[PDB]
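Taken in sequence, the protein lines are chains Q, g, H and a.
Numbered according to the authors' numbering, the first sequence spans residues 28 to 242, 273 to 529.
Numbered according to the authors' numbering, the second sequence spans residues 20 to 241, 268 to 526.
The authors' numbering puts the first residue of the third sequence at 18, with every later residue one more than the last.
The authors' numbering puts the first residue of the fourth sequence at 14, with every later residue one more than the last.
Let me begin by presenting the structure, written as structure tokens, before commenting on it.
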Amino acid sequence: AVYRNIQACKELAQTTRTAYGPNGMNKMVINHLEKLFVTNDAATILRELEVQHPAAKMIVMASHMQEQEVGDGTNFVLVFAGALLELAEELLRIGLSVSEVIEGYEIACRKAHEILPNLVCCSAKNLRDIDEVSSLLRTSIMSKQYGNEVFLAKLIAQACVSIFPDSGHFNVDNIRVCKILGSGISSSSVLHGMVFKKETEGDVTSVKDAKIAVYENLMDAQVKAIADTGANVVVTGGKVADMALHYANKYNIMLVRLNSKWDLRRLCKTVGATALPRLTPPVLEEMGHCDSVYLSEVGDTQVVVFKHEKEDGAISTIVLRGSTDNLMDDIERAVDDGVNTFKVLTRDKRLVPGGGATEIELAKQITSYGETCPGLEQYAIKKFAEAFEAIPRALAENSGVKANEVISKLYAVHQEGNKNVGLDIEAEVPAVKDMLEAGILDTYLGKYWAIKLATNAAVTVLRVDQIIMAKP
Amino acid sequence: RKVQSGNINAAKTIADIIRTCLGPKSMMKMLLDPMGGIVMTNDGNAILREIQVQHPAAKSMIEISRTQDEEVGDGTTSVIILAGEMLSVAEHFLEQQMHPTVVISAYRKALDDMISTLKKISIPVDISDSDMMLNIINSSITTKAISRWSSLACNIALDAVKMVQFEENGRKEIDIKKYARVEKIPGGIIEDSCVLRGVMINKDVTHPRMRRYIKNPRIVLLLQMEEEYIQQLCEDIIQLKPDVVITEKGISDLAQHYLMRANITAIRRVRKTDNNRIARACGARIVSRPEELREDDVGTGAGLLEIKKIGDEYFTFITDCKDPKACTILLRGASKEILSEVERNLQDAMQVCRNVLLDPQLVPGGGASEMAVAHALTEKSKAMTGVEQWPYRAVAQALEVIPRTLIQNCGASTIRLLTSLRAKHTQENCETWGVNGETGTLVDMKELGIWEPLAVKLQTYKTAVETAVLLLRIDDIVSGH
Amino acid sequence: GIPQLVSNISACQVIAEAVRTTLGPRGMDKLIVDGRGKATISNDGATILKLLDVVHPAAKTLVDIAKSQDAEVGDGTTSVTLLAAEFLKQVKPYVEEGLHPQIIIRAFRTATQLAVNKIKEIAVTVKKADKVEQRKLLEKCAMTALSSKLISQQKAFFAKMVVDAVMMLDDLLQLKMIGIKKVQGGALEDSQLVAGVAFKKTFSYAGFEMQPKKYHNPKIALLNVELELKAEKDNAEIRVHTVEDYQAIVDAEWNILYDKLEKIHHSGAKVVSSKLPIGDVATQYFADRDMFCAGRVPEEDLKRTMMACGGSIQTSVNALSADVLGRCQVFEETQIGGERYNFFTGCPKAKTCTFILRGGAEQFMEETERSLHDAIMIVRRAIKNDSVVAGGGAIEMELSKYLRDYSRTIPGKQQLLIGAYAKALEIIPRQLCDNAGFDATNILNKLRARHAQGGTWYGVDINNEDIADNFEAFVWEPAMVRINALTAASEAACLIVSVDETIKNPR
Amino acid sequence: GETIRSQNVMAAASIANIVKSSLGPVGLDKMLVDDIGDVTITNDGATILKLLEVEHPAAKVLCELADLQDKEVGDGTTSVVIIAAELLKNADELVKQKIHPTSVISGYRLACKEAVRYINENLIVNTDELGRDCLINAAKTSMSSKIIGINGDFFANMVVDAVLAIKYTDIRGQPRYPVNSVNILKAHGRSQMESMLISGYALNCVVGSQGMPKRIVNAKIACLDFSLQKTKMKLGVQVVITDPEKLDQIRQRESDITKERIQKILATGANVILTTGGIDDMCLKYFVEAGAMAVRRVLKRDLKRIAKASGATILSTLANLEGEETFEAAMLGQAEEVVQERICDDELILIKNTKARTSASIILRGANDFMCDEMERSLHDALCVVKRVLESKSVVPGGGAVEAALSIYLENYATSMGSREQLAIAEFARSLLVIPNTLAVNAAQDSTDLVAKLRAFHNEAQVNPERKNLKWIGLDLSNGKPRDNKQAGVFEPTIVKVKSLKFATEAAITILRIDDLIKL
Ligand SMILES: Nc1ncnc2c1ncn2[C@@H]1O[C@H](COP(=O)(O)OP(=O)(O)O)[C@@H](O)[C@H]1O
Ligand SMILES: Nc1ncnc2c1ncn2[C@@H]1O[C@H](COP(=O)(O)OP(=O)(O)O)[C@@H](O)[C@H]1O
């Protein structure tokens, strides 16, 4: 049952072969809750596309490992794996054993880890400059929200530069996302601290209280119990009563309404104020710690900002604007993709050119190694190089250009020693261009973990030859 | 593209039939006749000849093979396999969305490189040495009944083509149909067979009054009113006093009354090709009619005239001590089955001498010639600027099927030896490290007699690629007349 | 891949086919019945798609674009629908021929910006052109909308009412603010114009010879109390056997109504309005203290009064005070056709008004109700944007020559795609030829050739079966709204061609 | 009805798809299945439709369409069917758009008038023979697919002078060229660059005996088909001889007749004697004494060209029904010099400055016959290309240049007429784009890009007449890029595209007028 598992994994490649690259197609996703969505991120397709074939579930579980130590290259796991098994049939139909292919890819997986550092063209200067981030971040945002790479490359650059001085503390949790219904990308901006969309329900515009609480004459004494405990900021989960709204304004207690539960639990882990279920009990232990709680009006919309003036501050929140909730979700993923791009660059910085440049340069070397390396494993090392070529083919098809002219021209420039050459991103131009001058640079550490996972997944599939049901 | 793909499966299935019918360990096949009978042959030439096929693309494979049988009596099995394997790479036709013209230019470009690569591993031959030619012709004598008289078949096959070759004209043309007429004579055994150094006519003896044995013959090539011309056309021939009257058309019954009166041999139904060999043998001349004969139409220089009944059958021996651009084989045998074995097996060996004498160049067979070629095109593809390099590499991977079948028919591990066979051509010289057809392991061809001529492989790869070009140039089937 | 896109091409055309015969003022009507069996007949394209509730996924893409065209403009959403569908129709044979769908998105994004550059370069500013007062220019553009109708003979009278309704409002214009009443009887020239808010005033109960209809600065009370005696809201009945207890019971029934009525006098209400009816017994208490009482007011008319007088509508009577009582300057009653009509003119927040039509038939007011909504928006968008272009599908014929002539110099795959974008814009005037019963063959073949001869504003004449300079005929449409529609249709088509495979969660 | 319109369009449309992919010189082959089962393979569009048997009435209308194109032009009939197919396919959509065929027919007839006039307004006369090159470039580009293309300039120059040698008008300023082209010879010159051009006919024969001089300056050339050897009455009827003594009489008497023939033949003074059947050995001796240049067993087809060269009469037999005469002053031509040159392994007989020959000969000297054979087909085919162009009194640049230029003019002309015929002329010109759109697929290039490049340059030709605009841009398939035919030399005649669009527009009208099908 090997040919059936391979053919089943090729069914999954076509669901993400076209969604890859800047000219990639979108996919008409329909949620399980009877909702319509349109996107091109491969991570979101598999979350809704229930992959029931067990043979391809290993590839999806490999993409789950793509979350740890990296936040990019998911399409590499889906395309590179599908091309290895697709060409694996050409070896098995000749008569080659499945075991010699398994040990052949482990040889090429190590060989590529030794050739990849030689192709590192440049590295991040780590000067914490906005022009440094936005210039290098031009690669990761595109193919996720294409055309709007100008504003996004500069916004996230402002959020990451604020955290690098706090060395050893940069993570994706520091840069949160907060989107508001608005006109479009022109009104989007970046602010410090925690920023939410719901404005202050009460009359307080600014209060420097420390304790924050999260949840006719009787209710007037209960709101006073929040003040008796030394807290002038009350956060109600659901709706607030009309009588309780005014009682908070008498003692200058800032009323805040947070309907989304993600807004409530976000405060539990930052200032320490946890949500109590009872109707405002006088519990001081479960209250938080904040330096200043004030109201800000940015983008013609009032927003509650929790700025930690006394502390150093490491909590960033990008204020996004967009008229469509479906479109703002596509921007939500590109923001998380850009934040995770530099989260890997906190380690040793190494950058490789994208756009199929390294994939031909890496295949040109392994192919030459397979010609001079005798043994029964060379057939698998050769196709491991030709499997890299499918990633240029993914971009050539999405760009509307014949992939045959792409692989010929990428091989010709590298044959003459012209490295750092990738695909020209244009439909009317089947030629190529230099990736170094264009500013297209991927992450070295992402490819090291991506080629490692895609080979282990393809080996994990080839090791299986039959599926048998069971019962505990 | 449905018509482009139809010619793939139409030829891929035909190659599957004769895929295991290659080499000295060729596998037999079972053909069910409509009358319940079974033929258990193994030659791919006769197998596909009787199998009726429905697709037109597969029918062209049969018309191509028959023309190959006239040029060279062997190697036609690989002609269809390479043309079928070259077209079996559907990744570059449809999946890559390439045009057929893209791949045709790639194969035509690879054709000129394969021709030069086979000449690099060539080797000259000293045709003067009969022992060096014995190693070449023995490739066909092995696994035959003629192995008991291999030295006799070598003398019959090698010396016969030397008589047909005329090296004074420059072109050195060799024709087996006109100048190498093979005939049988009853009686005797395979040992009694020899090559007649002249012409032999298969005309039976009708009248008893005919010159039986003459050491210096004389050959003449060419109621009331009815017998007027008959007696006069016959009386003009005896002016020269001949001993055998050789006529082109048939002779009447009354004209033979004067041929038996003269007690001379009467021969008729002789082709125009047959009389020229005689005119060049005994120096005679072909006259249009019997009435305008001259002195030059004589048999001066002839060996002898013998119409003896050998094996209960007359045979007119008009041989001489010269080689007038022609020859005649005398096959002797006790039965027709034994005669049928030597007659057909010598035609396989006689055609090998035709390829060496026209161009004394050999190639290392037994899977050695393919790997020597496929290794040259693979390295050349890495430096070939253009999209044609991808189908250029498919030819390097497709020609490996010839040694794949020889090792698979033997039953050994084809995947283990073929992968290591690449290393022998990668490091060491490509002219050696072949594959043993009987044993299955690797061995050098300089020590073995698996060397094939040059003309056999040239027509193979030319026709193997030309067949794929003609089939990929098709894109639709037209019905009508 | 390829076939999923063709399924979306046809899945969107049926949506365009649902509103294909609604383009233009003289479009066709439909009949969409809901689950309750209610009849809804309207020629507006936006209202058709709101009630269809198409569950197809690729169809809802254009529904979201049409709703955005309605939220911002409120008109012309059909033109976004037919154009978005035709971009998919002309590229249909090119999709199956092996051309990539992403290449088409670059073509529409290329041709869309090329149209805005040509629209802004060709649009003409009209503020005080030809030395004409703007009242005449707004009357000229408005009267052309009313021609070829039942009121064609007295259109000059009705043409002057619209310019008075807009100038009475502030700089902020809104089509919903100007209400239109329908009253059967009388001629066409007897249609009146009220600058304030008015209602039918079906109150025919007692209160005669009192309740003066004039007030200086009256306090308009907005209640929802039924002051009837035998009311379903107020009542009193206690079943007992004692006889003397019944006298106190009948006194308690009159006290429930009367005690609530004293709150109306103590609150300071001078003109008391109530949605529920008021009985003849309660009208006399208002008549004894010299108070104006007029009920049976619809709830919709009070919402226009709440925006006009500046008060608030209270359900309870105990909450009646100076906080909710509005004010006005001129409150007077008229006798339009003999029926009573109260109205408040000269309010502080007089953003709304009222317009009562007249005629001897109910259907003549229906066609007049539709034409007035078209004449107001022309005056609304003429002052908003003085840079406008010719109407009647004229602007669509300009781009057909420019984008085509521009595509003839753009080598590559963008040629036939931007060139097909030109032929795709011919759907707007072709429907005006069919939706008006004209021959689209003679018009488009004569109209497209007029532009090469020197035409720059010639368009489809909806009145006569011929070509006419719609700019000289004062048939204008905004230049920016045409750009907002083309940008909306290009975004609508590019989202469909960007899709190549449908993914559905199994549920 | 309309259902009959749709079924008749697909019938004629599918006929074009049979010869669609086979368009151009890089056309794909196709299998022709006859009634028996044989398979004839070819890419020629004309031969496909002659054997194509499709039982449908609308398809047989396209057969008669090809017959007039075969007699009028004799080439390019494959393009006549594809243009007509697109008009019906485009006209089919108009019928669905509530358009009548009469409005479409009335528009197509006018569109054909402006097409012929626009071509005539952008013609180029027959010129550039000497002093300007589209001559060297005309032949050098055509012979690229053969081995001869190594040194194209050396082999292309010999084609220029060959066309001018075969130039004779003879009718009111006709200028055309004959069917008999330059007879191409070959030999072993140890290299391909040794090809020598001879401005004169070359006979590949030898005189035999070396004693005869190889320098004959006598203008009289004796041309005969009668053999001077033993003359037989008939090869089917032999003279009966009842005596061997009588045989020697006729034997010796025949040699006595040649003693009278040898004197009467040489009585004309012609030293160049050519015999078809052969010359007797005793008769060759008398020519060594008198010094005449005799050749035996000359090919009759080669002698027919020599008789046409010097103007000699082909003498069938010396017996003029009463005796035996030599036809003095009838079989004699006029030449200046006949010298048997010493070429490699072949003493060729060169003839120069005859009465009127208008021909030449090319000695394709090479290393082996494998190259000389491939070189002979390249020049023989390259001659027909330049011969076809410089005969047509006026020519036009072809190769996608004519059809792409009409796409803009006839589309702009449609914006001036109107009158319910704009869509017909709009789609008539759009249908002509299929010719380059089809040739791009056969050239293994992107079909949508190359057609747009032609119209990108052809539109600028009409926007302004400035020299910056790229004008007369054809489409070369050997490179897959537009090229200027003025520089490349890709020219076509005038009457071809005229008659091609003429019948293609007329045949589509004939099928468009068919609304119902009545059978019996
Ligand atoms: N501008 C671009 N040009 C070429 N390739 C790109 C570009 N942007 C992204 N890609 C490629 O598409 C694949 C997916 O990119 P990305 O969205 O950054 O990662 P993921 O899909 O895993 O989130 C990556 O391998 C990347 O190289
Ligand atoms: N002794 C041998 N050892 C190895 N290979 C052989 C031997 N004899 C023949 N072959 C291989 O078998 C193939 C077919 O040979 P042959 O039978 O002569 O032609 P065909 O199979 O077409 O009749 C040849 O290509 C040759 O390489």
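Note that CB positions come from ideal geometry on N, CA and C, so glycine has one too.
So, is residue i buried or exposed, given that buried needs 16 or more other C-beta atoms within 10 angstroms?
i: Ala162 (chain H); result: buried
i: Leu304 (chain g); result: buried
i: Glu489 (chain H); result: exposed
Along chain a, which residues have their Cβ under 7 angstroms away from the Cβ of residue i?
i: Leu116 (chain H); result: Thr461
Can you tell me where the beta strand (DSSP E) holding residue i begins and where it ends?
i: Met55 (chain Q); result: 53-57
i: residue 263 (chain Q); result: The model contains no atoms for residue 263 (chain Q), which sits in the stretch where chain Q goes from 242 to 273 directly.
i: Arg200 (chain g); result: 199-205
i: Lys494 (chain a); result: 494-497
i: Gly487 (chain a); result: 486-489
So is the beta-carbon of residue i under 8 angstroms away from any non-hydrogen atom of ligand 1?
i: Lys171 (chain Q); result: yes
i: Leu480 (chain Q); result: yes
i: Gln93 (chain Q); result: yes
i: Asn102 (chain Q); result: yes
i: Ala488 (chain Q); result: no
Output the boundary residues of the alpha helix (DSSP H) element that contains residue i.
i: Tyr438 (chain H); result: 431-441
i: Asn487 (chain H); result: Note, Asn487 (chain H): premise wrong, no alpha helix (DSSP H); not H, not E.
i: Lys466 (chain a); result: 460-476
i: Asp181 (chain H); result: 172-184
Taking C-beta pairs closer than 9 angstroms, name the residues in chain H that residue i reaches, listed in chain order.
i: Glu66 (chain a); result: What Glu66 (chain a) touches in chain H: nothing, since even the nearest Cβ is about 30 angstroms away.
I want to verify the contact list: residues of chain g whose CB lies under 7 angstroms from the CB of residue i, in sequence order.
i: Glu462 (chain Q); result: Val432
Can you find at least 3 beta carbon pairs, one from the segment 78-90 of chain Q and one from the segment 426-433 of chain Q, that sit closer than 8 angstroms?
At 8 angstroms Cβ cutoff, the stretches do not touch.
Inter-stretch contact at 8 angstroms, needing at least 3 Cβ pairs: the segment 509-517 of chain H / the segment 98-113 of chain H
Under the 8 angstroms Cβ criterion, the segment 509-517 of chain H counts as touching the segment 98-113 of chain H, having at least three qualifying pairs.
Determine, using beta-carbon pairs with one atom in the segment 149-165 of chain g and one in the segment 341-356 of chain g, whether at least three such pairs fall under 8 angstroms.
Cβ pair count under 8 angstroms is below three, so no.
Could you check whether the segment 379-394 of chain Q touches the segment 403-417 of chain Q, counting it as contact only if at least three pairs of C-beta atoms, one from each stretch, sit closer than 8 angstroms?
The segment 379-394 of chain Q, when compared against the segment 403-417 of chain Q, does not touch it at the 8 angstroms Cβ threshold.
Three or more C-beta pairs closer than 8 angstroms, one from the segment 178-197 of chain a and one from the segment 330-349 of chain a: is that the case here?
These segments do not touch.
Contact the segment 133-151 of chain a vs the segment 403-411 of chain a: 3+ CB pairs below 8 angstroms
Yes: the two stretches touch, three or more of their Cβ pairs being nearer than 8 angstroms.
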